[PDB]
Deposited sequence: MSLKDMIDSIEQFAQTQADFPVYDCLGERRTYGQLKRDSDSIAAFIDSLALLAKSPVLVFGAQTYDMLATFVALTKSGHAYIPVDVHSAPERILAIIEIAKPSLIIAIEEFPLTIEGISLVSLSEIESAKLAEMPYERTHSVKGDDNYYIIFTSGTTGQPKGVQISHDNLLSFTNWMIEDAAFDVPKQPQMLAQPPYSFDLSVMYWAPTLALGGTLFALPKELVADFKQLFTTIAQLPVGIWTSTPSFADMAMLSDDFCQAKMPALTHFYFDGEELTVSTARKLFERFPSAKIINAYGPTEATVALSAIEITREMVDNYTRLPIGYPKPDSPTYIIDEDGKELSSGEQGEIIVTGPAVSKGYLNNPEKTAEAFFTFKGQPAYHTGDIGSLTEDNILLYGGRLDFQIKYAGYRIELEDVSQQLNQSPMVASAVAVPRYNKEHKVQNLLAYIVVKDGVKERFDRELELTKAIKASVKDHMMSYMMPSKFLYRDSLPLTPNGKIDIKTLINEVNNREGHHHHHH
């Protein structure tokens, strides 16, 4: 039972000094090296004489130096704020205005100029490792101390603060959980950027269990042909990503058990995992375990998980989001805040030791979303779901996407997953068209169809009717959207999710 994240990696430094913690394409760093480098960087940090417990902004991609630096900031009592290299500069500016970092560490080159705050170069961070200064922990981040602050975009950005205690509640669960079923010294693909709290689903278990991270070069992240081929050469056992990223992977010929024989586990979190995605996945990898995991950043990465089965792919029309965690009581509530019994629909709220203390310096949004329930810190997820008698959590969608149409209670994500049932559809997004009144004139759907479908059909109209014919026996009549918008792929957010908002806007 994990007592402290640092202690763990300190132990792997004695116990397994020569085992690799990091790998970028055969270039490697070890647990012994991570201790040595992070100790030296911590000493560097203390020498700067910053405000105690002030947060530090760390700008970069996925290199070894990001991690070594994170660990140093932890050792030396400072929350880190991962900002990813591909961020809008106005966004980077926003984070700084909100968070008031005492320092910025530019692990990759920093494309803004602000006087006011100290800036530390990559070359400086390198020099520090190579100086090899020792380090004695005396004022490491503990208890409810901020460990990291991740920024969430709804439009305007907010900074979720996650404590050492929050992180340990998530991590102890992950590594004991029968769905996740994490192997010793796990060999984890490290695709999600550090600025997305999904990165935690790989670094925290890995470090807690003595594994190895497999990172990719930043210049490789836009070349989609090379990316999946390069990935396939890697001895990775676990794939951690958003469902979308794996849909993208599903185009490559090489994303199969044949070319990736070490890969046994898929960990998905962040957006709906689709029945089809799981289907294609099991074809490509018949033996692999698949895990859907759920939660907002505000409750430390994920609060429920469950293993997805073939029974589940053969029968369900939507995949469940799993067993809530023992230490995080989860509840369904109506619009007057009363707790409902199993099967009924309402907001998903979560409580307990993994619930963030709130957004940094945004007391208004904090007061909207965080509150106390049954004596315990709680968070409004904004999601509609339900809990079953056997305690499995089910996902309905976002409150902001429950709409009224022909005076109804329509969940957009329902129309989407209904349409995704059709054999000719890869990915479907139902979307509202408005008029002058902020009222709903009609439903539309964006459609991406499967391979060899576009070419069995001479005209869009045959296709649309063929599609509607394939799920009319299931779909209620008021829910079938009238118009389809075909696309070859869907836009994604920086974090790799289907960009529902932008899709809604491009029709209004």
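- Coordinate coverage of the deposited sequence is interrupted at 1, 155 to 156, 512 to 521, where no C-alpha atom was modelled.
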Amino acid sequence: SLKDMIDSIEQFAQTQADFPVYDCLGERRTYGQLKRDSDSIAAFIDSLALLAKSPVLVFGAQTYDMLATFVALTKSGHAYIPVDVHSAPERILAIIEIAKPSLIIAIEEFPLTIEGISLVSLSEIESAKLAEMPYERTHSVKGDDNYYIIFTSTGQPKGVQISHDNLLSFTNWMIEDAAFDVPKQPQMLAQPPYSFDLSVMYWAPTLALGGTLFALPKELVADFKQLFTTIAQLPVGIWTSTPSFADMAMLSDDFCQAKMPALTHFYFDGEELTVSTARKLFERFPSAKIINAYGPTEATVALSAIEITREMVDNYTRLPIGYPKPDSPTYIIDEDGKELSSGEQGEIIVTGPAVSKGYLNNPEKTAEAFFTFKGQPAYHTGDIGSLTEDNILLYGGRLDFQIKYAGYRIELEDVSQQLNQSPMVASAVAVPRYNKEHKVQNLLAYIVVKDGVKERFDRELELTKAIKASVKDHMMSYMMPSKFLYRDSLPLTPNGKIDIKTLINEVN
From here on, numbers count along this sequence of modelled residues.
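- As the entry records it, the average C-alpha temperature factor is higher for 85 to 93, out of 185 to 193 and 85 to 93.
- Looking at 283 to 291 and 197 to 205 together, the entry lists the larger mean B-factor for 283 to 291, computed on C-alpha atoms.
- Ranking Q226, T351, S304, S356 by the C-alpha B-factor listed in the PDB entry places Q226 at the top.
- Residue-level inspection of the entry shows that, of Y135, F180, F401, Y379, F401 has the top Cα B-factor.
- Residue-level temperature factors show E364 in the middle third of its chain, judged at the C-alpha atom.
- Annotation for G346: CA B-factor lies in the middle third of the chain's modelled residues.
- Residue-level temperature factors show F170 in the lowest third of its chain, judged at the C-alpha atom.
- When the CA B factors of the chain's modelled residues are split into thirds, the value for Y316 lands in the highest one.
- Remark: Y405 belongs to the highest third of its chain, ranked by C-alpha B-factor as recorded.
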